[PDB]
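Worksheet: one structure, shown below.
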Amino acid sequence: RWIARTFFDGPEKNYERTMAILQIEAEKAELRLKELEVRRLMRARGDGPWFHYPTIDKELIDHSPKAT
Amino acid sequence: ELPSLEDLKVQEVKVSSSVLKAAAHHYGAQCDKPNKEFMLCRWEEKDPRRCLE
């Protein structure tokens, strides 16, 4: 009982805790698997703003020339 | 492609010499409206197929 105080965390700790660490771990694992799933799609088809190659130009010239 | 017919080009043309036309630039002042109509047709529609009339 003396060893339980100021030397031990207790059974309440690491049961309420660790599950909190697992809750962050579950979020870290699912989003990393989602990142592997998103990059597998975004690289194959140019749909989103990920792995997009730069284009030539947006605007260059529109004025009237001396063309035929 | 579909081009214009054989009888689309206007008769009586190029009777004047090359420098004979260049001698008088009064053609820019008198008879200027039909020249400007063809000019405005060309910048709007780039094809010669539509602006021939």
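Note on naming: chains are A, B, ... as they come in the structure tokens, residues start from 1 per chain, ligands start from 1 in the order shown.
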Show me a table, sorted first by chain and then by increasing residue number, of the residues of chain B having an atom at most 12 Å from chain A, each with its shortest atom pair and the distance in Å to one decimal, counting only C-alpha atoms and written as CSV.
residue,atom,partner,partner_atom,distance
B:39,CA,A:68,CA,10.8
B:40,CA,A:64,CA,11.7
B:41,CA,A:68,CA,11.9
B:42,CA,A:68,CA,8.1
B:43,CA,A:64,CA,7.8
B:44,CA,A:64,CA,9.9
B:45,CA,A:68,CA,10.6
B:46,CA,A:68,CA,7.2
B:47,CA,A:68,CA,8.7
B:48,CA,A:68,CA,9.2
Create the file for the chosen residues now, containing N, CA, C and O atoms and written as a PDB file, in the first residue's frame.
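Result went into selection-v3.pdb, see below:
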ATOM      1  N   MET B  39     -12.178  43.775 -94.951  1.00  0.00           N
ATOM      2  CA  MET B  39     -11.140  43.818 -93.919  1.00  0.00           C
ATOM      3  C   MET B  39     -11.684  43.376 -92.557  1.00  0.00           C
ATOM      4  O   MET B  39     -11.032  42.603 -91.852  1.00  0.00           O
ATOM      5  N   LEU B  40     -12.882  43.855 -92.214  1.00  0.00           N
ATOM      6  CA  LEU B  40     -13.562  43.501 -90.962  1.00  0.00           C
ATOM      7  C   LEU B  40     -14.075  42.056 -90.964  1.00  0.00           C
ATOM      8  O   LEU B  40     -14.180  41.435 -89.901  1.00  0.00           O
ATOM      9  N   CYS B  41     -14.393  41.542 -92.154  1.00  0.00           N
ATOM     10  CA  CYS B  41     -14.817  40.148 -92.349  1.00  0.00           C
ATOM     11  C   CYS B  41     -13.676  39.171 -92.059  1.00  0.00           C
ATOM     12  O   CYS B  41     -13.900  38.099 -91.488  1.00  0.00           O
ATOM     13  N   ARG B  42     -12.462  39.562 -92.450  1.00  0.00           N
ATOM     14  CA  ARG B  42     -11.265  38.726 -92.334  1.00  0.00           C
ATOM     15  C   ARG B  42     -10.772  38.563 -90.891  1.00  0.00           C
ATOM     16  O   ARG B  42     -10.350  37.468 -90.505  1.00  0.00           O
ATOM     17  N   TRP B  43     -10.820  39.642 -90.109  1.00  0.00           N
ATOM     18  CA  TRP B  43     -10.393  39.602 -88.703  1.00  0.00           C
ATOM     19  C   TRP B  43     -11.396  38.882 -87.795  1.00  0.00           C
ATOM     20  O   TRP B  43     -11.003  38.286 -86.788  1.00  0.00           O
ATOM     21  N   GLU B  44     -12.679  38.944 -88.157  1.00  0.00           N
ATOM     22  CA  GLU B  44     -13.737  38.214 -87.451  1.00  0.00           C
ATOM     23  C   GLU B  44     -13.735  36.730 -87.830  1.00  0.00           C
ATOM     24  O   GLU B  44     -13.766  35.863 -86.952  1.00  0.00           O
ATOM     25  N   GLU B  45     -13.701  36.456 -89.136  1.00  0.00           N
ATOM     26  CA  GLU B  45     -13.645  35.094 -89.668  1.00  0.00           C
ATOM     27  C   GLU B  45     -12.397  34.932 -90.535  1.00  0.00           C
ATOM     28  O   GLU B  45     -12.300  35.525 -91.617  1.00  0.00           O
ATOM     29  N   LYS B  46     -11.451  34.130 -90.043  1.00  0.00           N
ATOM     30  CA  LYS B  46     -10.121  33.981 -90.650  1.00  0.00           C
ATOM     31  C   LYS B  46     -10.124  33.265 -92.007  1.00  0.00           C
ATOM     32  O   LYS B  46      -9.244  33.512 -92.840  1.00  0.00           O
ATOM     33  N   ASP B  47     -11.110  32.393 -92.217  1.00  0.00           N
ATOM     34  CA  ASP B  47     -11.248  31.625 -93.459  1.00  0.00           C
ATOM     35  C   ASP B  47     -11.653  32.488 -94.662  1.00  0.00           C
ATOM     36  O   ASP B  47     -12.529  33.350 -94.533  1.00  0.00           O
ATOM     37  N   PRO B  48     -11.012  32.259 -95.834  1.00  0.00           N
ATOM     38  CA  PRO B  48     -11.413  32.913 -97.088  1.00  0.00           C
ATOM     39  C   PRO B  48     -12.686  32.311 -97.695  1.00  0.00           C
ATOM     40  O   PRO B  48     -13.277  32.909 -98.601  1.00  0.00           O
TER      41      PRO B  48
END
Run DSSP on the backbone and give me the residues of chain A it puts in helix (DSSP H, G or I), as a list in words.
->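 In chain A, DSSP puts these residues in helix (DSSP H, G or I): residues 19, 20, 21, 22, 23, 24, 25, 26, 27, 28, 29, 30, 31, 32, 33, 34, 35, 36, 37, 38, 39, 40, 41 and 42 of chain A.
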Quick one, how far is CA of residue 36 (chain A) from CA of residue 23 (chain A)?
->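 CA of residue 23 (chain A) lies at a distance of 20.2 Å from CA of residue 36 (chain A).
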Contacts of residue 53 (chain B) at 10 Å (only C-alpha atoms; same-chain gap of 6+ positions) as a list in words |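 Residues meeting the cut-off are residues 8, 9, 10 and 38 of chain B.
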Expected file: the selected residues, N, CA and C atoms, as a CSV table (one decimal), in the first residue's frame:
chain,number,residue,atom,x,y,z
B,8,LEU,N,-17.0,31.0,-108.8
B,8,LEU,CA,-17.1,31.8,-107.6
B,8,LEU,C,-16.3,33.1,-107.7
B,9,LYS,N,-15.1,33.0,-108.4
B,9,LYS,CA,-14.2,34.1,-108.7
B,9,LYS,C,-14.9,35.1,-109.7
B,10,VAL,N,-14.7,36.4,-109.3
B,10,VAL,CA,-15.3,37.5,-110.1
B,10,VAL,C,-14.6,37.8,-111.4
B,38,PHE,N,-14.6,44.0,-96.2
B,38,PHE,CA,-13.8,42.8,-96.4
B,38,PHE,C,-12.8,42.6,-95.4
